[PDB]
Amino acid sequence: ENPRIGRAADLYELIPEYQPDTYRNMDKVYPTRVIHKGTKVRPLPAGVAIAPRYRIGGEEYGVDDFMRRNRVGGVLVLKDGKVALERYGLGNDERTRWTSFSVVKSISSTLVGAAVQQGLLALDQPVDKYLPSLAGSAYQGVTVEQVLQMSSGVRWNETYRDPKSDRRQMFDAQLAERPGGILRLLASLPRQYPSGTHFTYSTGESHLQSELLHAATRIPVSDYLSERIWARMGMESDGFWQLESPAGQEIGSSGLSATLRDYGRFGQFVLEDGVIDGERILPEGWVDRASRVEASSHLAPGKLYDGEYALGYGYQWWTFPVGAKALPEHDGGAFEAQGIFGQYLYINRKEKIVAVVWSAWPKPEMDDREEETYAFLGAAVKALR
């Protein structure tokens, strides 16, 4: 039947009939660059197969009821690099590419890491030594590391439903397809806190990661992604990345599309500390500082959003609370990427687990559905020990 794809300007507002079709057809509504795969494809062999179950409202329910309850489009659980569970929903299948939303944040954070391995970026360097457009802006002197940590301290109103918010202005720049629009909005924003001390979720600040990667590698970020990870490790199928303008610059904060198993392959890359075929794409201990939990830091779990959110922050990753504060089954030092409407890429080095979840919730944040996703994933961890 006819695909139900909505207007470019309605991405964050689609009615449910349109969300699946739009999310797996973003290249039919936005400018995109292709992330090329390569000749080699790393295997994801089958492994210990699990039929995880868990309880809700005092009743037991398995994978199908989770998919139905949380409008899930895909679930992949890898254990020890082998596929323990693999479902497609909402029309999808093995070849579908699904948009990441803010999940790409962590990807582009990882790419910063690979650049750091190569000498093109340093975490201590000022972000305007690489983008001179940000000289004399609030972002002058801010470090790469503070931007990774969403800690620049620049005033960023992230509200979507406020038409004159900074998030909405950024969305406007995107919809205008004018090169350098986002970067200009960024350079006109005022300072609010001392850099390094306060956390503000800012998709513009996240996009800075794309801008820096380009300034450093002087190639399109999609090609850098391909060269470091996608064609090296061997993703099975091409991806693509939404652009700010036709043949322009990758959105560093939104808009990547890959197959489910390719998302899993990236997660597997991360689990293995960024090592492919023996060469290190990521610096030693990159993954460790990317997901540091430290009780004294303004990023530690429990401290963000004035204590109304249980996860902390690393290098554009969300960190799970540890110790007595840990969620059931999520204690080893697990960390995730996530993006609105129900997108998760969860990594658990202790258990050697990667999980990918594609969803199409009606609203972009639902506490019931996030905690139920954590419940499902804990049931899987528990079933795989």
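Residue indices: 1-based, along the sequence shown.
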Practice item. Could you check the entry and say whether 191-199 or 101-109 has the higher mean CA B-factor? Key: 191-199
Revision key, fill the gap. Stretch with higher mean Cα temperature factor, 337-345 vs 38-46, is 38-46
Study note, to complete from the structure: Reading the B-factor column for Cα atoms of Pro179, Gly74, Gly91, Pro301, the highest value belongs to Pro179
Check your understanding: What's the residue among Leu225, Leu131, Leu311, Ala258 with the greatest CA temperature factor in the PDB record?
Key -> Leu131
Point to revise | Where the record places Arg55 (Cα B-factor, split into thirds across the chain) | key: highest
Review point. Split the chain's modelled residues into thirds by Cα B-factor; is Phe240 in the lowest, middle or highest one?
Key: lowest
Study note, to complete from the structure: By the entry's values, the third containing the CA B factor of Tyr263 is the lowest
Check your understanding: What third of the chain, by the recorded C-alpha B-factor, contains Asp21?
Key -> middle
Practice item. Rank-wise, by C-alpha B-factor, drop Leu148 into the lowest, middle or highest third of its chain. Key: middle
